[PDB]
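What follows is calculated from the coordinates using simple rules that are stated; it is not laboratory data. Cβ atoms come from the backbone with ideal geometry, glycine included; neighbour counts cover every protein chain shown.
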Amino acid sequence: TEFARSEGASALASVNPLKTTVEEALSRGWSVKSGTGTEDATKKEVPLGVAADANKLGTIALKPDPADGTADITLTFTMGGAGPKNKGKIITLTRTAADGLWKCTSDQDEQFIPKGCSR
């Protein structure tokens, strides 16, 4: 009776909004850094603004950290808090630096991969 479908949706919903945050920072020539806090005007780094553990289904991570837009960026949701079908599975949003485009891939069982995401 695990909520495997809604777990996937919830995980994606915790990282999907961060794409906006990333694009806004890069549009200014600022970097993004993980975690919460204030905009650092010395280093020109914008925090993502979300705690790594905001969603108790798992953890959110940024790579590279910080990221300046000149390399590929990933936002991952690692589902360590999920039930058995999704525990240990990872949803990855990749922004390719060469074209500024985002994709979503997941290593979940294909039945539970959220809309817009591929293997």
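So what's the Cα pair-distance distribution over the chain, bin width 10 Å, in %?
Final binned percentages: 14, 45, 29, 10, 1, 0.
How do 30-41, 54-65, 96-107 rank on mean C-beta neighbours within 10 Å, highest first?
Working: 30-41: 15.5, 54-65: 17.6, 96-107: 13.2.
With the highest mean Cβ count within 10 Å placed first, the list reads 54-65, 30-41, 96-107.
State whether segment 59-104 is rounded, prolate or oblate according to the following rule on the C-alpha gyration tensor (a ≥ b ≥ c being the square roots of its eigenvalues): a/c under 1.5 gives rounded; otherwise a/b larger than b/c gives prolate, and the remaining case gives oblate. Each step should come with its number before you reach the end.
On the way: a/c = 5.38, a/b = 2.23, b/c = 2.41.
Oblate is the answer for segment 59-104, as a/c is 1.5 or above yet b/c matches or exceeds a/b.
May I ask for the net charge around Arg119, where only other residues with Cβ less than 11 Å from the Cβ of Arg119 are counted and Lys, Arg are +1 while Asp, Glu are -1?
On the way: positive: none; negative: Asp107, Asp109, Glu110.
Surrounding charge for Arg119 is -3.
So for the pair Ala54, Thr94, with labels modelled 7 Å out along Cα→Cβ, what separation do we get in nm?
2.4
Using Cα atoms only, what is the angle between the long axis of helix 4-15 and the major principal axis of the chain, expressed in degrees (0 to 90) to the nearest 10?
Relative to the chain, helix 4-15 is tipped by roughly 0 degrees.
Taking θ = phi - 60°, what integer Hz values does the Karplus form 6.51 cos²θ - 1.76 cosθ + 1.60 yield along segment 17-27, in sequence order, with x for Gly and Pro?
x, 5, 4, 5, 4, 4, 4, 5, 5, 5, 5
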